[PDB]
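Chemist: Submitted below is the structure of interest, expressed as structure tokens.
Residue numbers (the entry's author numbering), protein chains in the order written: chain r, 1 to 37, 63 to 64; chain W, 5 to 72.
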């Protein structure tokens, strides 16, 4: 009742996709926000 | 992470319409407000007295305010 090995590979490479997509998703190159152009 | 990338529906159309709407409502708001202020200031509102003897009062001026 462990798994289907097919599902092991599927889950694995889906993890790959989450990896790359979230690497993308973190954004801080070049501080992308650049809006213009006592008494 | 350091700074995540947020996902918002959009900023342009809402803010734009508001900028426009304010622009026009103000555009004829300011002259009118200024007017009510002036005729409130330099021209006096009005004062009562009473109907003179044997005198025909005009149509208007039965009413206090000048814009009336």
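No residue lacks a Cβ here, since even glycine has one placed at the ideal position from N, Cα and C.
Where do the N-terminal and C-terminal ends of the alpha helix (DSSP H) with residue 59/W fall, by residue?
Modeler: Unbroken run through residue 59/W: none, as it is neither H nor E.
Chemist: At a Cβ threshold of 7 Å, is residue 26/W touching chain r?
Modeler: It does not; no Cβ of chain r falls within 7 Å.
Chemist: Going by CA-CA distance only, name the one from 47/W, 71/W, 66/W that's closest to residue 55/W.
Modeler: Of 47/W, 71/W, 66/W, the smallest CA-CA separation from residue 55/W is found for 66/W.
Chemist: If you drop the 5 nearest sequence neighbours on each side, which residues of the same chain put their C-beta closer than 8 Å to that of residue 19/r?
Modeler: none
Chemist: Starting from residue 21/r, follow the alpha helix (DSSP H) in both directions and report where the run begins and ends.
Modeler: 5–25
Chemist: Report the residue ranges of all alpha helix (DSSP H) runs contained in full by the stretch 28–69 of chain W; include only those spanning at least 4 residues, in chain order.
Modeler: 33–45
Chemist: State the Cα-Cα distance for the pair residue 7/W and residue 16/r, rounded to the nearest angstrom.
Modeler: 22 Å
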